């Protein structure tokens, strides 16, 4: 053996592109130690490939998704090395979440509570993705509980990790908040409870909070499910929580 294969590597910018946004891929740290680079071949992971005459190339993805970008660097003697990185493209406008609230509807969500009363509307005031979300206003009367909830056919398969985005205000009479999933027999004689409990002091106030919750893989897949967010209240007061972009795979 004798010719040394080239070093292949690239970075890209921006790291978090949106659809139809220019991404610049930069292979300039690639090098052939004992010769020169003859080809930069790019596979964009979407069905298209091309080459650059310099170490940089720009590209755009029209569809959201996670793409494998492969660079092959080939030297002046035909020896090659490759480097593959993953790039995530999210939708520039709109919201592809399982519950995205873009149709202007509540998506079956209602409110309940004890020593607290809730109302929910579809809102354009705040959203996590797209233009629309839910706006959930709670009036507490003291120590109590309030829910924003959906009954409850079979919402997720067992094993599924759900992601909730919750906008939680400062100065609110709350002790804790928790997304939940509650499978139950049709007759409600047996109830299963799954939640991600978060203390009010362990939460980003006046900001969006991303909270995950997994339905255990051993739950009966045929049991109807209630999905929702529960707030524990500790004093009198009126506060507004925003909920959007509840999402999971499949």
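Numbering follows the first chain given and starts at 1.
Once the C-alpha B-factors are averaged per stretch, 183-191 and 210-218 rank with 210-218 first. Per the deposited record, the Cα B-factor of residue 249 falls in the highest third when ranked against the other modelled residues of its chain.
Compared with the other modelled residues of the chain, the Cα B-factor recorded for residue 120 ranks in the middle third. When all modelled residues of the chain are sorted by CA temperature factor, residue 18 is found within the middle third. Sort the modelled residues of the chain by CA B factor and residue 242 lands in the middle third.
Ranked by Cα temperature factor within the chain, residue 110 sits in the middle third according to the deposited record.
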